[PDB]
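In case you want the letters, here they are:
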Amino acid sequence: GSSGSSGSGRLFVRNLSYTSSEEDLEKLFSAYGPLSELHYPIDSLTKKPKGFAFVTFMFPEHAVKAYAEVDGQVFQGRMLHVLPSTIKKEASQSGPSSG
């Protein structure tokens, strides 16, 4: 096994309690680090989520720390599940590194 390779801090999360709010999550993950973008889908009818969301971390280092801790945690009586997901599309031309 290998530590991993940099690229995108994207992670597939599921099992979200309908009692959670787009904000609640922001803080839950934010803790680990800065969030590049959050995706919290909500039914236009019931006005509630489907129990899944997508968190995009700015840096991979953090994304890993969270995927190691979050993956197997409990929140609002709902076991949060995190899995590694990579952009399966040619959207990212390249991934430069500054500093």
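Rules used in this analysis
- Residues numbered from 1 in each chain as written, not as in the entry; some residues may be left out.
- Heavy atoms only, no water.
- Helix = DSSP H or I, 4+ residues; strand = E, 2+ residues; numbered from the N terminus.
- Buried < 20%, exposed > 50% of the residue type's maximum accessible area, 1.4 Å probe, protein only.
- Contact = heavy atoms within 4.5 Å.
- Areas by Shrake-Rupley, 256 points an atom, 1.4 Å probe, with all protein chains shown as cover.
- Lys, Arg positive; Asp, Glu negative; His and termini not counted.
- Charge placed at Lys NZ, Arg CZ, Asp CG, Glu CD.
- Salt bridge = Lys/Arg side-chain N within 4 Å of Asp/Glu carboxyl O.
- 1 Å grid on protein atoms, 1.4 Å probe; cavity = no way out; pocket = protein on both sides within 12 Å on 5 of 7 lines; lining within 4 Å.
- Points joined across faces, edges and corners; volume = space filled by probe spheres on them.
- Pairing = 2+ DSSP bridges.
- Axes fitted to C-alpha atoms, helices over the stretch in contact; angles between N-to-C directions.

- For this deposition, the record names solution NMR as the technique by which the model was determined.

## Notes on the overall build of the chain
Then comes step 1: The helix and strand tally for the chain stands at two helices and five strands.
Then comes step 2: Taken from N to C terminus, the helices and strands of the chain fall in the order β-α-β-β-α-β-β.
Then comes step 3: Overall size of the chain, expressed as C-alpha extent along the three principal axes, is 45 × 25 × 25 Å.
Then comes step 4: Relative to its 99 residues, the chain shows a buried fraction of 26%.
Then comes step 5: Within the chain, contacts between residues at least 6 apart in sequence are counted, and of these 60% link residues at least 24 apart.
Then comes step 6: Total accessible area computed for the chain in this model is approximately 6900 Å², and 49% of it derives from carbon and sulfur atoms.
Then comes step 7: Distance between charge centres in the chain, computed from 10 positive and 10 negative side chains, equals 8 Å.

## What about the pattern of salt bridges?
Then comes step 1: Inspection of the entire model under this criterion finds one salt bridge.
Then comes step 2: The salt bridge partner of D43 is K50, with a shortest N-O separation of 3.3 Å.
Then comes step 3: A relative accessible area of 43% places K50 in the partly exposed class.

## Brief notes about the layout of surface pockets
Then comes step 1: Empty space within the largest pocket amounts to approximately 470 Å³.
Then comes step 2: Every residue lining the largest pocket is counted, 21 residues in all, and those nearest its centre are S5, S6, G7, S8 and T86.
Then comes step 3: For the lining of the largest pocket, the elements supplying multiple residues, two or more each, are β1 (9-14) and α2 (60-69).
Then comes step 4: Per-element tally for the lining of the largest pocket: the top contributor is α2, with five residues.

## Considering the environment of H39
Then comes step 1: By secondary structure assignment, the location of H39 is in strand β2 (residues 35-39).
Then comes step 2: Measuring from C-alpha to C-alpha, the distance between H39 and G51 comes to 12 Å, with 12 residues separating the pair along the chain.
Then comes step 3: Contact partners of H39, with chain neighbours within four places excluded, come to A53 and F54.

## Description of the sheet that holds β2
By definition, the strands of a sheet pair up through backbone hydrogen bonds, in either a parallel or an antiparallel sense.
Then comes step 1: The five strands lie next to each other as β2-β3-β1-β5-β4, forming an open sheet whose pairing is antiparallel. Either end of the sheet is taken by a strand with one partner, and the two such strands are β2 and β4 (73-74).
Then comes step 2: Bridging between β1 and strand β5 (residues 79-84) involves four bridges; their strand directions are antiparallel. The residue of β5 that forms the bridge with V13 is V82.
Then comes step 3: Along the sheet, helix α1 (residues 22-30) contacts β1, β2, β3 (52-57), β4 and β5; its crossing angle with β2, the most-contacted strand, is approximately 145°.

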